[PDB]
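Shown next as structure tokens: one chain only, the form deposited in one PDB entry.
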């Protein structure tokens, strides 16, 4: 909090609400010095209560990241009972949004996975673990650039704490060692990435129609999910590689960036604008 700032409205204009809202609400905004659009997450501190140390964690993590693959951080500003967390505006919405009109093709899947993997590689090299990897936290610019967002439950490894054990994340995407609250590390993100790959290919993660508390016992109990259906062998093998019950048998993000599925199928991020346009057309017609 030592770089906390004040009087945000002298540097930024707050515009309309655009969504939720991990810990608050997100507003569109303007940087009055550049006229670039920004996203402003606003947190009511007097009702914050329980989530206060998660809010603190998010700011800390964001302030420590400097990557094209992680939502850029402008700063946090105190205004009365409100905290403004000002971040990169990403006008293409989330990968989850972009799934709504229908299936992706494997070029789009590989392209999105590649950029997620670059983000994971960065975070894991900084001894950070995202711990909530899913399509909803993968955000895109209007021209298709891809970044990881929402660091409210991110973990930080240090020389004296080489593993985490906190029960956090979203049950469908959680690694088994996380559910068991075993000592875990960045390999937990690699499991979540595997589930996210299935989500991008099928539209939804495994068990998506069950109550989340059910999957809390299903995920450790069952064999790992596999990608079923008519998908290329490398995509299926990519998923299988990620979804190993034994975390040390999962590849690193660096290694997955050299996986045949990624190399054969990933193309320019700018082609993802086709997906953004598909969503805009679809949303405009939606009754």
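Numbering follows the first chain given and starts at 1. The term rigid core refers to the most C-alpha atoms you can superpose between the two forms while keeping them within 1.5 Å.
Q: Can you let me know which of the two, 182-190 or 76-84, has the higher average C-alpha B-factor in the entry?
A: Comparing 182-190 with 76-84, the higher mean C-alpha B-factor belongs to 76-84.
Q: Going by the B-factors listed in the PDB entry, is the mean over the C-alpha atoms higher for 229-237 or for 53-61?
A: Taking the mean B-factor of the alpha carbons in each, 53-61 is higher.
Q: Of the options 217, 173, 89, 122, which has the highest CA B factor as deposited?
A: So the option with the highest C-alpha B-factor is 217.
Q: In terms of CA temperature factor as recorded, identify the highest of 37, 242, 45, 262.
A: Most elevated C-alpha B-factor of the set, per the entry: 45.
Q: Going by the CA temperature factor in the PDB record, which third of the chain does residue 266 belong to: lowest, middle or highest?
A: Middle third, going by the recorded CA B-factors of the chain.
Q: Taking only the Cα B-factors deposited for this chain, tell me whether residue 145 sits in the lowest, middle or highest third.
A: According to the entry, residue 145 has a C-alpha B-factor in the chain's lowest third.
Q: Could you tell me which third, lowest, middle or highest, the C-alpha B-factor of residue 32 occupies within its chain?
A: Highest third, going by the recorded CA B-factors of the chain.
Q: Lowest, middle or highest third: where is residue 257 by Cα B-factor in its chain?
A: Lowest third - that is where residue 257 ends up once the chain's C-alpha B-factors are sorted.
Q: What third of the chain does residue 209 rank in for C-alpha temperature factor, lowest, middle or highest?
A: Highest third - that is where residue 209 ends up once the chain's C-alpha B-factors are sorted.
Unshown form deposited in another entry; subsequent notes refer to it.
Q: Identify which of 109, 154, 117, 140 has its C-alpha displaced by 2 Å or more between the shown form and the other one once the rigid core is superposed.
A: Comparing the C-alpha positions, the one residue that moves 2 Å or more is 154.
Q: With both forms fitted on the core, give yes or no for whether the Cα of residue 45 moves by 2 angstroms or more between the shown form and the other one.
A: Yes.
Q: Relative to the superposed rigid core, does the CA atom of residue 269 travel 2 Å or more between the shown form and the other one?
A: Residue 269: C-alpha displaced by less than 2 Å between the shown form and the other one.
Q: So with the core overlaid, does the Cα of residue 258 end up 2 Å or more away between the shown form and the other one?
A: No, because once the rigid core is superposed, the C-alpha of residue 258 moves less than 2 Å between the shown form and the other one.
Q: Assuming the CA distance changes by 3 angstroms or more, are residue 22 and residue 61 closer together or farther apart in the other entry compared with the shown structure?
A: Farther: residue 22 and residue 61 separate by 3 Å or more in the other entry.
Q: Given a CA distance change of at least 3 Å, are residue 22 and residue 184 closer or farther in the other entry?
A: Farther: residue 22 and residue 184 separate by 3 Å or more in the other entry.
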